[PDB]
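Asker: sequence, then the experimental structure. Questions to follow.
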Amino acid sequence: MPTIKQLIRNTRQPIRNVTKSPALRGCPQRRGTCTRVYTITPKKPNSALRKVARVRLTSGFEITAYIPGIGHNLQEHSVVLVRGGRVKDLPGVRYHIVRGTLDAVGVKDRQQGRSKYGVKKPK
Amino acid sequence: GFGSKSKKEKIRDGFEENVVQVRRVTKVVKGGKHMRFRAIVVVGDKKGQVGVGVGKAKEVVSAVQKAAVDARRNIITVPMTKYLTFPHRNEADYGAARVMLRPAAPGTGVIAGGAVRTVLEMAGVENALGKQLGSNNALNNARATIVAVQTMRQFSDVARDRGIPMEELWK
Amino acid sequence: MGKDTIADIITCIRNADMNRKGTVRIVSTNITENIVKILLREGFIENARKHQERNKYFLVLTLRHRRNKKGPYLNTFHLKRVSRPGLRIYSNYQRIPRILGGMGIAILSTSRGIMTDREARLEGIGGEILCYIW
Amino acid sequence: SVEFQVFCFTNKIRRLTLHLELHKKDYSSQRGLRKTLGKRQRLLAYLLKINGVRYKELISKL
RNA sequence: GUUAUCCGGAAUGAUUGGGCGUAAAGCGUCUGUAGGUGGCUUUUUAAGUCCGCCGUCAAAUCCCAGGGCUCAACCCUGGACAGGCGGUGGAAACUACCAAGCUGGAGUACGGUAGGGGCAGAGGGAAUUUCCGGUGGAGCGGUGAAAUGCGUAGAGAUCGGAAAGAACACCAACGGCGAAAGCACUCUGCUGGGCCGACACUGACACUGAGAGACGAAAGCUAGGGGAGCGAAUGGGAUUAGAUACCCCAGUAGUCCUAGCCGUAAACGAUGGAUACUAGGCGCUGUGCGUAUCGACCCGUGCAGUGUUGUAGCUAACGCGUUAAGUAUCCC
């Protein structure tokens, strides 16, 4: 790439920081409607039953979001609040569900790091 | 075989030692898969006197001190004219690790990557800033700084080499 | 006789002493004559001699050395071009660089003649930076 | 001598062309004809770059 | 604290600051338009460039220094480097310009010189197959071993007679030429290109090349010939559990030629082109000078090209190394 004419045509441009969440497309976290609350398995090295809610969003997408924590109240057609963040083990799950927010209760009996799970103080 | 190596260790006030990485490097044999320890030790007093050294042995501490005995026969002196900083900027690659060194104001502690910062904080320089361009390696990095501070000249020996009598210098 | 008459001399310098040979033969144009005139007097080289071969006046230039070493010259010469043909560079009397604090010089084309940083910093003039050596 | 180069290349293209058109498949001398056309063409842009009237005479001669 | 958005880190789009032998990456090679860069000397204008002065780039923000709120945040007063554009006065080294010379770059003229460079026309002989004769009589051919096949309608073998197409043994060399693909039986014709010398001439006419144009192994296709060998597909036999395959026997398109189309290949040196510079040894090819003889040698050399080990330097390493993957410049 000489300074003359292969480069005052253009070098090229890198695209963007590609969006790591194609939904949520305004901004960070977005209200959701539960459609399925099924349970899938990770890839080969792990072994678990991870419990994800496939959730329709208010944006216009439908997307399978993970449910953190131990206990979960989430039945059919409830309302959640999804956020970004890639669960590695599950192919397709791109998102999380916030706990302690609207119609998704905090986890049962947790006393270490409660702000990630929406549990008020005991004691 | 006199014992306990008290006089023979030479208590190392003169050269202070640190590792900069101890990677376990392993070879496989017919019987299996056995490892030795490669440690990289940078020795040097804070007077301006440092040098790297690799070593590998099946023990950790014999690899460290073995790399030290390899290191304390490999010393350059640092051309560091002013108030513990550098004469001029420099860059010198070794292998595929390029190192840009740049002198600093005296109100600046040494800021560099871990291998470069290790061989400069052992070099007793206080005021430098060296970016590393290239490898993630630690050995060729540090040895590239050593080559990057051999080839560095003061003003007195450049004034001696050119023959110009003296000016153009604040101090 | 290629595209550049200044990478001519300069690349003959680098290629001269990187093979440790202390002798250069180059053409003697006006700007080469001026560069070796402002370069012998700055302690980098030893002597420049004009002569002729087929009535074509050339410069043979003797480089510096020291004594019998691993390499008989210690300080590697490190010549470098800046204002390439096709990318001209130009500086005021502000931008004009003190190379390594002053251990190098930046030979450059003033309206006076071609100077160094000493002889263009005191003038206050600026111009096209040919090349800086260090 | 320039007009002997242009005129000499013109007779070169005449004799090589009346070779090639009655022959029609030599793909080696095609390069010779095209190097002669390009070489002559850079000469004509050269003498046109120098002069007006004199290059007008070079056009009017052939 | 998590998330989202942006910059950094990221030299991970590179002017500062990357690469293209093998890691991602050099077009298949070549001609050349636009365009880009460009030899030396002398002179002229100053468009670029530089210097002075002047105008302006609102205020707020940022920077410096003061001052005010108990400090800070914030507020306020004054100041300015950059840097942009314009006006004006100066400088002329570099780019450009104007003019005039110059030759080493490049060509041409001339004399040689080497060549499987290309195309066309003639001519050649081995060998193979088939046919036609004479002989003779049971196998020939093939394989890891067999078999299918052919053979008493006389095979194969041997001698002679024709015809046919295709390719051109030894020479053949780590060799010559072409831009690449390619090019070797010989001869002729037309014609390209290279290399070397003398100043014989012109005087920078140069390099690269977007888009473009040409050529471009083999297989493929249209049209017409031709068809011995070989031989996809196919068919039979074998091996095999099976065999659409390797083996064998037949064998069609194709192979060759005319006129086209197609435009791809590991089109490979896995290396775009050009110029300048940087150890040597051992070679080969072409010419040139001197020695030696007076003539073939033979030695050194001046160049150009081709090869092999190899210093420096580069490289992640392997390696490359005057034909660089070295040092630099230009262009895609």
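Answerer: Okay, I see it. Residues are numbered from 1 along each chain as shown, chains lettered A, B, ... in the order given.
Asker: got the phi/psi numbers for the most centrally placed residue in chain A?
Answerer: What sits nearest the mean C-alpha location of chain A, by Cα atoms, centre = their mean, is residue A:95, with 1.3 Å. Note on residue A:95: its backbone torsions stand at phi -120, psi 160 [degrees, to the nearest 10].
Asker: list the contacts for it?
Answerer: Residues near residue A:95 by Cβ atoms under 8 Å, 6 or more residues apart in numbering or on different chains: A:21, A:23, A:24, A:63, A:64, A:65, A:66, A:82, A:83, A:84, A:85. (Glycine included, C-beta is placed from N, CA and C.)
Asker: ok, now with 10 Å
Answerer: A:21-24, A:29-30, A:32, A:52-53, A:55, A:57, A:63-66, A:82-87 (Cβ atoms under 10 Å, 6 or more residues apart in numbering or on different chains).
Asker: report the beta-bridge partners for it.
Answerer: Beta bridges link residue A:95 to residue A:65, residue A:84, judged by DSSP bridges.
Asker: against chain B, how distant is it?
Answerer: Computed as Cβ to the nearest Cβ, to the nearest Å, the residue A:95 to chain B distance reads 33 Å.
Asker: ditto for residue C:68
Answerer: In terms of Cβ to the nearest Cβ, residue C:68 sits 17 Å off from chain B.
Asker: likewise residue D:21?
Answerer: Counting by Cβ to the nearest Cβ, the gap from residue D:21 to chain B is 61 Å.
Asker: and for residue A:46?
Answerer: From residue A:46 across to chain B, the span is 26 Å (Cβ to the nearest Cβ).
Asker: need the contact list for the residue sitting furthest away from the middle of chain D.
Answerer: Here chain D reaches farthest from its C-alpha mean at residue D:25, the gap being 21.3 Å by Cα atoms, centre = their mean. Contacts for residue D:25 (Cβ under 10 Å, 6+ apart) come out as none.
Asker: how would you label it: helix, strand or coil?
Answerer: Following DSSP: H, G, I helix; E, B strand; the rest coil, the label given to residue D:25 is coil.
Asker: next one: phi and psi at the most centrally placed residue in chain B?
Answerer: The centroid of chain B falls nearest to residue B:119 when counting by Cα atoms, centre = their mean (3.5 Å). Residue B:119 has phi and psi values of phi -80, psi -10 when expressed as degrees, to the nearest 10.
Asker: I'd say it and residue B:141 touch.
Answerer: Yes: using Cβ atoms under 10 Å, residue B:119 is in contact with residue B:141, at 8.9 Å.
Asker: now for these two: what residues contact both?
Answerer: Contacts common to residue B:119 and residue B:141, judged by Cβ under 10 Å, 6+ apart, are B:20, B:52, B:99, B:112.
Asker: just name the closest of those residues to chain A, please.
Answerer: residue B:99 (25.6 Å; Cβ to the nearest Cβ).
Asker: from RNA strand E, how far off is the closest one?
Answerer: For residue B:99, the distance to RNA strand E (Cβ to the nearest atom of the strand, to the nearest Å) stands at 11 Å.
Asker: what's the nearest residue to residue A:37 if we skip its chain neighbours?
Answerer: With sequence-adjacent residues excluded and distances taken as Cβ to Cβ, 6 or more residues apart in numbering or on different chains, residue A:37 is closest to residue A:53, at 4.9 Å.
Asker: scratch that, residue C:25
Answerer: In space, residue C:25 is closest to residue C:60, 5.3 Å off (Cβ to Cβ, 6+ apart).
Asker: relative to the helix or strand hosting that neighbour, what are the paired strands and their orientations?
Answerer: For residue C:60, the element it lies in under DSSP states H and E is strand C:58-63. Strand pairing for strand C:58-63, using DSSP bridges, gives strand C:24-27 (antiparallel), strand C:45-51 (antiparallel).
Asker: may I have that strand as CSV, with CA atoms only?
Answerer: Extracted in CSV, the C-alpha atoms of strand C:58-63 (Å, rounded to 0.1, in the frame of the first residue of the first chain):
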residue,chain,number,x,y,z
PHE,C,58,32.9,11.8,-8.9
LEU,C,59,33.2,11.7,-5.1
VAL,C,60,35.1,9.1,-3.3
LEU,C,61,34.4,9.3,0.4
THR,C,62,36.3,7.7,3.3
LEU,C,63,34.3,6.6,6.2
